[PDB]
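First, one chain by itself in structure tokens, the form deposited without the ligand.
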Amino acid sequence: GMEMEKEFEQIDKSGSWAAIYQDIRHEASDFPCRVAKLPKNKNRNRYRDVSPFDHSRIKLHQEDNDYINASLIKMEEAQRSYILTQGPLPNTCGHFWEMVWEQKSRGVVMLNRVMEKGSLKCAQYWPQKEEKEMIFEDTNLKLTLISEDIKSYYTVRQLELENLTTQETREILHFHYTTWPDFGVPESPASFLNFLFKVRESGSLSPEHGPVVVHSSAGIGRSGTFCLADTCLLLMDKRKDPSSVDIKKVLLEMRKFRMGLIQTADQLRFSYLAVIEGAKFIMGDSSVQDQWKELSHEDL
């Protein structure tokens, strides 16, 4: 089969995933995060050990404090960008939506739940009920739930974001994967790819929009897995050449822009599985998309 498939089988046969993953960690970029570590920003960071590099951090367009824990992953060869961010805190939900507005994002991909393992891993940063809209007074934004489509393991929401200064409104699509555990993997390649293709189908990743926002709790593990698989499939798609993609090199390129992307060796292995499976679609087996939808059990 494909070259990534041959490397996959070699690594599985030798039981080498931990060593492969540790090599990536060792080779990964190390750039300063001075702004993230300023005293005044301590309460804007969810995790002490997860910070945006200065070079790639998203700046808020405000004079007071322009800091958010968010990074622009700009994949030059693939011609796709993503914004990866932590799950917003109770005091940074206004900042989060400010960033969405200013960066002209059409979609937000949320890969975590608000409560995981008994702890609050993300703030409730969007409205749960149509009739209870949210106002972010610090950033002068209003957010309303317009509709939601609840599936067995993910939910898609239509939100309306309004800049109260100008009264301009935009439709934001929210893609919420609700069964992906932290430091874990999706139930199957099919369930993951079914969801990724839902995001793709929406047009949220179009170059006509700002970068999609992808987040988890830390904005690196589940978020890294999602973007690695998406970028690798896009690279193969541009060239129509699966054997042209080097998944580990792509991950190291991504890690130039945000630290710590992909948090376990099993998330790396899963990324391979997802790309190998998705290649079937890229190379012209259109019917596999329906198979994923069936295998994902999304209706239940």
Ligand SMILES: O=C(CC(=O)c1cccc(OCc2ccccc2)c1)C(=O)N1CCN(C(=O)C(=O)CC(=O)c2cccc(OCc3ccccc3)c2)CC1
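Throughout, we count residues from 1 along the sequence that is shown.
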Query - Higher-B stretch (mean Cα B-factor, as the entry records it), 36-44 or 66-74 - result: 36-44
Query raised in the report: On average, which has the higher Cα B-factor in the deposited entry, 80-88 or 131-139?
Result: 131-139
Report task. Among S244, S271, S51, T231, single out the one with the highest C-alpha B factor in the record, please. Result -> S244
Report summary line: The residue of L111, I150, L161, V212 with the maximal C-alpha B-factor according to the PDB record is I150
**Report entry** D30 - which third its CA temperature factor falls in, relative to the rest of the chain
**Finding:** highest
Requested in this report: Grab the CA temperature factor for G184 from the record and place it in the lowest, middle or highest third of its chain.
Outcome: middle
Requested in this report: Rank-wise, by C-alpha B-factor, drop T166 into the lowest, middle or highest third of its chain.
Outcome: highest
Query - Among modelled residues of the same chain, the CA temperature factor third for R258 - result: lowest
Report summary line: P207: C-alpha B-factor third of its chain, per the entry, is the highest
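Unshown form deposited with the ligand bound; subsequent notes refer to it.
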**Report entry** Pocket accessibility when the ligand, as posed in the deposited bound form, is superimposed onto this form, judged at 2.4 Å from backbone or C-beta
**Finding:** blocked
Query raised in the report: Within a 4.5 Å heavy atom cut-off, is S217 in contact with the ligand in the deposited bound form?
Result: yes
**Report entry** Residue contact check: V50 to the ligand in the deposited bound form, 4.5 Å heavy atom
**Finding:** yes
Query - Sequence-ordered list of residues in 118-137 near the ligand in the deposited bound form, where near means a heavy atom within 4.5 Å - result: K121
